[PDB]
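Engineer: Have a look at the structure that comes next, please.
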Amino acid sequence: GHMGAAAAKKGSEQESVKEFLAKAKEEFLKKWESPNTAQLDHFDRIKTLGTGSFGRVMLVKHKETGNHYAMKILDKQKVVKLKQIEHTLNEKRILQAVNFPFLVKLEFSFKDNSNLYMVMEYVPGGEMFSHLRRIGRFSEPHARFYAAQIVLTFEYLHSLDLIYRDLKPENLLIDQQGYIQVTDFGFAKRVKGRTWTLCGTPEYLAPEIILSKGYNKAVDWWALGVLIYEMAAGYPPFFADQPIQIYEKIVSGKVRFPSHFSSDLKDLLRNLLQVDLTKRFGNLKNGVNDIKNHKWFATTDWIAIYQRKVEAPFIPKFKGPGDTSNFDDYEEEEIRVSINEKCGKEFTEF
Amino acid sequence: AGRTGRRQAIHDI
Ligand SMILES: NC(=[NH2+])c1ccc(C(F)(F)F)cc1
């Protein structure tokens, strides 16, 4: 066979994974079942680090301790649509319950008359997105180092019946050791089988989402294929100016690869970017092991990645606590808190 | 030709 000895080690390794995930699910459930840890005036606001339709993320400094954090601020009056609301509750509850080396750590959450707040660990190395766009593309070993962390993170999340649903370089921060921190759980959801919301980012949507089919955690493995392609090529596989054109390309079932992609890489991506769910890697009898044991990952020491023992390909420069040099600049708008509570009943659970 | 800037997610397409 392909493995000689090496097969016994891999099997024992797989059994240890099971053991780890069983303990991880016990810890998750304790926090999921039995979960206002601060207020706004406990923080100095320093700089906007990112913006979206519903609010912004700011670097803040805790007045008492002097620790720096990333504060996600959501305007309750922009979180209007039904699924926008449910998703905000998913995000908070999931983040407070998970624990994994490549997932950002939530520190505080609270709300006031106008906004919802989630205060998480600050990751000063910046978004993968901006490093990727600056250099163009990552070499295959570099992309593989990041991909391995996502594989392990999705193995963890899926074992807790959590689907992530917004994988992309914008959501992956680089920490001071050069490892990944997944940092936005706004589309994550606990799903025991299928779910039906039409949501995500166009370039990363699995075909079954676009086709309004009930779908499962395999959409994350499709998105992993998009991510690895984008990291190694510098652009994603389904690439067009308008969302409707992107959707047509995704559903077609056709992917073209750069001539510099290794044959091992193309093989992996053809099995991830597989429209047929009975054939998509991650969704088969052997689950995530079809991915972890693929030839493209032959050099990957999965345990060593988890334990953060592998030397990173890139270490971001940091000038000191609070440094924002690895982030882009954004327009700064004052945080105004209304005198009257807004949307109290719709966010009573937050 | 495609989108090169940051991409916004959609909560309900
Ligand atoms: N350090 C952080 N946890 C953090 C920083 C920036 C963003 C952004 F990508 F939205 F900009 C999100 C989270």
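Following the order of the structure tokens, first chain is A, next is B, and so on, with residues numbered from 1 inside each chain and ligands from 1 in the order they appear.
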Around ligand 1, at most 7 Å away and counting only C-alpha atoms and all ligand atoms, which residues are there? Put them as a VMD selection string, please.

Structural biologist: chain A and resid 49 to 51 57 69 to 70 104 120 to 124 126 to 127 170 to 171 183 to 184

Engineer: Please save N, CA and C atoms of the selected residues as a PDB file, in the first residue's frame.

Structural biologist:
ATOM      1  N   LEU A  49     -10.601  49.335  12.855  1.00  0.00           N
ATOM      2  CA  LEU A  49      -9.809  48.307  12.201  1.00  0.00           C
ATOM      3  C   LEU A  49     -10.527  47.646  11.034  1.00  0.00           C
ATOM      4  N   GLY A  50     -11.831  47.832  10.921  1.00  0.00           N
ATOM      5  CA  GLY A  50     -12.598  47.237   9.839  1.00  0.00           C
ATOM      6  C   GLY A  50     -14.036  47.691   9.952  1.00  0.00           C
ATOM      7  N   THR A  51     -14.731  47.646   8.812  1.00  0.00           N
ATOM      8  CA  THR A  51     -16.110  48.122   8.740  1.00  0.00           C
ATOM      9  C   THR A  51     -16.931  47.199   7.855  1.00  0.00           C
ATOM     10  N   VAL A  57     -15.350  47.283  13.614  1.00  0.00           N
ATOM     11  CA  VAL A  57     -14.472  46.743  14.645  1.00  0.00           C
ATOM     12  C   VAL A  57     -13.449  47.809  14.979  1.00  0.00           C
ATOM     13  N   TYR A  69      -7.814  45.425  23.018  1.00  0.00           N
ATOM     14  CA  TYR A  69      -8.788  44.475  22.501  1.00  0.00           C
ATOM     15  C   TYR A  69      -9.359  44.988  21.186  1.00  0.00           C
ATOM     16  N   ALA A  70      -9.981  44.074  20.448  1.00  0.00           N
ATOM     17  CA  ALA A  70     -10.785  44.410  19.280  1.00  0.00           C
ATOM     18  C   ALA A  70     -12.252  44.386  19.692  1.00  0.00           C
ATOM     19  N   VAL A 104     -10.436  33.111  17.632  1.00  0.00           N
ATOM     20  CA  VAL A 104     -10.253  34.284  18.475  1.00  0.00           C
ATOM     21  C   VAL A 104     -11.037  34.104  19.766  1.00  0.00           C
ATOM     22  N   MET A 120     -13.047  41.143  21.893  1.00  0.00           N
ATOM     23  CA  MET A 120     -12.233  39.957  21.707  1.00  0.00           C
ATOM     24  C   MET A 120     -10.758  40.325  21.735  1.00  0.00           C
ATOM     25  N   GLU A 121      -9.931  39.291  21.821  1.00  0.00           N
ATOM     26  CA  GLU A 121      -8.491  39.471  21.790  1.00  0.00           C
ATOM     27  C   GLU A 121      -8.074  40.191  20.515  1.00  0.00           C
ATOM     28  N   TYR A 122      -7.132  41.119  20.660  1.00  0.00           N
ATOM     29  CA  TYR A 122      -6.607  41.874  19.534  1.00  0.00           C
ATOM     30  C   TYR A 122      -5.467  41.090  18.897  1.00  0.00           C
ATOM     31  N   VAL A 123      -5.502  40.970  17.583  1.00  0.00           N
ATOM     32  CA  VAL A 123      -4.546  40.184  16.818  1.00  0.00           C
ATOM     33  C   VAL A 123      -3.836  41.150  15.887  1.00  0.00           C
ATOM     34  N   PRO A 124      -2.654  41.641  16.269  1.00  0.00           N
ATOM     35  CA  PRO A 124      -2.092  42.815  15.590  1.00  0.00           C
ATOM     36  C   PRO A 124      -1.453  42.530  14.240  1.00  0.00           C
ATOM     37  N   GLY A 126      -2.700  41.669  11.486  1.00  0.00           N
ATOM     38  CA  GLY A 126      -3.512  42.043  10.343  1.00  0.00           C
ATOM     39  C   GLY A 126      -4.199  40.853   9.683  1.00  0.00           C
ATOM     40  N   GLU A 127      -5.032  41.175   8.689  1.00  0.00           N
ATOM     41  CA  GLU A 127      -5.801  40.181   7.947  1.00  0.00           C
ATOM     42  C   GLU A 127      -4.913  39.445   6.950  1.00  0.00           C
ATOM     43  N   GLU A 170     -10.340  37.606   4.447  1.00  0.00           N
ATOM     44  CA  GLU A 170     -10.726  38.770   5.247  1.00  0.00           C
ATOM     45  C   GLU A 170     -10.959  38.413   6.717  1.00  0.00           C
ATOM     46  N   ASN A 171     -11.355  37.166   7.005  1.00  0.00           N
ATOM     47  CA  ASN A 171     -11.761  36.713   8.325  1.00  0.00           C
ATOM     48  C   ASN A 171     -10.660  35.980   9.061  1.00  0.00           C
ATOM     49  N   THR A 183     -11.738  35.029  13.095  1.00  0.00           N
ATOM     50  CA  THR A 183     -12.161  36.157  13.944  1.00  0.00           C
ATOM     51  C   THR A 183     -13.572  36.713  13.800  1.00  0.00           C
ATOM     52  N   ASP A 184     -14.453  36.116  13.007  1.00  0.00           N
ATOM     53  CA  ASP A 184     -15.809  36.646  12.800  1.00  0.00           C
ATOM     54  C   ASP A 184     -16.750  35.447  12.747  1.00  0.00           C
TER      55      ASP A 184
END

Engineer: Could you list the residues in chain B lying within 6 Å of chain A, using only C-alpha atoms, and format the result as a list in words?

Structural biologist: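 Output check: residues 1, 2, 3, 9, 10, 11, 12 and 13 of chain B.
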
Engineer: Could you dump the residues just selected with N, CA, C and O atoms as a PDB file, in the first residue's frame?

Structural biologist:
ATOM      1  N   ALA B   1     -11.511  39.308 -15.097  1.00  0.00           N
ATOM      2  CA  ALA B   1     -11.822  40.439 -14.229  1.00  0.00           C
ATOM      3  C   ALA B   1     -12.760  40.007 -13.106  1.00  0.00           C
ATOM      4  O   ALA B   1     -13.734  39.293 -13.340  1.00  0.00           O
ATOM      5  N   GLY B   2     -12.453  40.442 -11.891  1.00  0.00           N
ATOM      6  CA  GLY B   2     -13.261  40.108 -10.740  1.00  0.00           C
ATOM      7  C   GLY B   2     -13.004  41.075  -9.608  1.00  0.00           C
ATOM      8  O   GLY B   2     -12.279  42.059  -9.756  1.00  0.00           O
ATOM      9  N   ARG B   3     -13.610  40.785  -8.463  1.00  0.00           N
ATOM     10  CA  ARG B   3     -13.549  41.707  -7.336  1.00  0.00           C
ATOM     11  C   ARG B   3     -12.242  41.509  -6.586  1.00  0.00           C
ATOM     12  O   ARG B   3     -11.963  40.410  -6.095  1.00  0.00           O
ATOM     13  N   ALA B   9     -20.124  39.864   3.173  1.00  0.00           N
ATOM     14  CA  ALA B   9     -20.988  38.700   3.214  1.00  0.00           C
ATOM     15  C   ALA B   9     -22.435  39.161   3.168  1.00  0.00           C
ATOM     16  O   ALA B   9     -22.751  40.317   3.458  1.00  0.00           O
ATOM     17  N   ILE B  10     -23.313  38.271   2.735  1.00  0.00           N
ATOM     18  CA  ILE B  10     -24.735  38.582   2.613  1.00  0.00           C
ATOM     19  C   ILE B  10     -25.500  37.689   3.575  1.00  0.00           C
ATOM     20  O   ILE B  10     -25.317  36.476   3.558  1.00  0.00           O
ATOM     21  N   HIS B  11     -26.354  38.288   4.413  1.00  0.00           N
ATOM     22  CA  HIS B  11     -27.078  37.510   5.423  1.00  0.00           C
ATOM     23  C   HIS B  11     -28.313  36.811   4.868  1.00  0.00           C
ATOM     24  O   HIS B  11     -28.787  35.833   5.472  1.00  0.00           O
ATOM     25  N   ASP B  12     -28.840  37.294   3.744  1.00  0.00           N
ATOM     26  CA  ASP B  12     -30.038  36.721   3.137  1.00  0.00           C
ATOM     27  C   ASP B  12     -30.020  37.147   1.665  1.00  0.00           C
ATOM     28  O   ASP B  12     -30.509  38.223   1.321  1.00  0.00           O
ATOM     29  N   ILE B  13     -29.438  36.306   0.817  1.00  0.00           N
ATOM     30  CA  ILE B  13     -29.436  36.557  -0.617  1.00  0.00           C
ATOM     31  C   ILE B  13     -30.869  36.460  -1.129  1.00  0.00           C
ATOM     32  O   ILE B  13     -31.111  36.479  -2.335  1.00  0.00           O
TER      33      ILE B  13
END

Engineer: Using atom CA of residue 194 of chain A and atom CA of residue 158 of chain A as the two end points, give the distance in Å to one decimal.

Structural biologist: 12.7 Å

Engineer: What is the atom CA of residue 105 of chain A to atom CA of residue 128 of chain A distance in Å?

Structural biologist: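 About the pair atom CA of residue 105 of chain A and atom CA of residue 128 of chain A: they are 18.0 Å apart.
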
Engineer: For a quick check of understanding, using only C-alpha atoms, which of A:74, A:289, A:295, A:237 has the smallest distance to residue 15 of chain A?

Structural biologist: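 Checking each candidate against residue 15 of chain A, we get A:289 as the closest.
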
Engineer: Suppose you want the space between atom CA of residue 92 of chain A and atom CA of residue 181 of chain A; what is it in Å?

Structural biologist: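 So the answer is 16.7 Å.
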
Engineer: Find the residues near residue 265 of chain A: any atom within 12 Å, counting only C-alpha atoms, skip ones fewer than 6 places away on the same chain, and give them as a VMD selection string.

Structural biologist: chain A and resid 139 to 141 143 to 144 147 225 228 to 229 231 to 233 257 to 259 271 to 273 291 294 to 298

Engineer: Using DSSP on the backbone coordinates, identify the residues of segment 14-258 of chain A assigned to alpha helix (DSSP H); present them as an NGL selection string.

Structural biologist: :A and (14-33 or 82-97 or 128-135 or 140-159 or 207-210 or 218-233 or 243-252)

Engineer: Kindly indicate which residue among A:300, A:109, A:338, A:67 lies nearest to residue 350 of chain A, using only C-alpha atoms for the distances.

Structural biologist: A:109

Engineer: Write out as a count of residues only which residues come within 6 Å of residue 178 of chain A when counting only C-alpha atoms, dropping same-chain ones fewer than 4 positions away.

Structural biologist: 4

Engineer: Given only C-alpha atoms as the basis, pick out the residue of A:75, A:86, A:175, A:33 nearest to residue 113 of chain A.

Structural biologist: A:75
